[PDB]
Amino acid sequence: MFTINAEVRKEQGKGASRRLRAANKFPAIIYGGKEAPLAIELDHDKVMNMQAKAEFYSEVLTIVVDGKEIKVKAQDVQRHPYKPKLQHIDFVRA
RNA sequence: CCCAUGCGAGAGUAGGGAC
RNA sequence: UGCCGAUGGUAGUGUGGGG
Ligand SMILES: [Mg+2]
Ligand SMILES: [Mg+2]
Ligand SMILES: [Mg+2]
Ligand SMILES: [Mg+2]
Ligand SMILES: [Mg+2]
């Protein structure tokens, strides 16, 4: 099972997102179901290595944010236009 | 082009549909 | 441009600064 550690974002928007990426992290979003969407931030390198395995995109993953696990599937990924980096990820609740 | 701050598409995604 | 349509990200951008 893939276990991803994340934190809830304290700020959003272009400025905040660029700050994260300049600091070796990147934004992501968890949506789906009855609960409201949850905007989170991830460690770039750790997730990048994880998603290098094809199962990352087929399996139900576990994101540890706050203190509980959420159970999601990768729904979409935005990659840098010309750099080997992850820009954003959509996670859908499972 | 970048930073701070405010504003924020187009496309696509979740979801919905008496079609 | 052919049904409606979030959230987040992206483009662009007002103000101030940097270059
Ligand atoms: Mg700005
Ligand atoms: Mg739109
Ligand atoms: Mg749209
Ligand atoms: Mg449907
Ligand atoms: Mg938006």
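Reminder, nothing fancy here: chain letters follow the sequence lines and each chain counts from 1.
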Query - Rounded distance in Å between the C1' positions of B:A14 and C:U1 - result: 23 Å
When all nucleic acid strands are considered with a 4.0 Å heavy-atom cut-off, which category describes [X]: base, sugar-phosphate, or nothing?
X	answer
A:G33	nothing
A:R21	sugar-phosphate
A:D90	base
A:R9	sugar-phosphate

Check the distance between [N]'s [atom2] and [X]'s [atom1] and give it to me in whole angstrom.
X	N	atom1	atom2	answer
A:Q75	C:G9	CD	P	17 Å
A:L42	C:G9	CG	P	13 Å
A:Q12	B:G6	CD	P	12 Å
A:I29	C:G9	CD1	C1'	9 Å
A:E7	C:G8	CD	P	19 Å
A:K14	B:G6	NZ	P	13 Å
A:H80	C:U10	NE2	P	12 Å
A:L38	C:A6	CG	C1'	16 Å

Query raised in the report: A:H88 has a side chain; which of C:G8, C:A6, C:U10 sits nearest to it?
Result: C:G8
Report task. Name the closest nucleotide to the A:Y31 side chain, picking from B:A4, C:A6, C:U10. Result -> C:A6
Query raised in the report: Relative to the 5' end of RNA chain B, which residue comes earlier, A:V92 or A:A16, by the nucleotide with the nearest heavy atom?
Result: A:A16
Query raised in the report: Is there a donor on the side chain of A:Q78 or the base of C:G9 sitting less than 3.5 Å from an acceptor on the other?
Result: yes
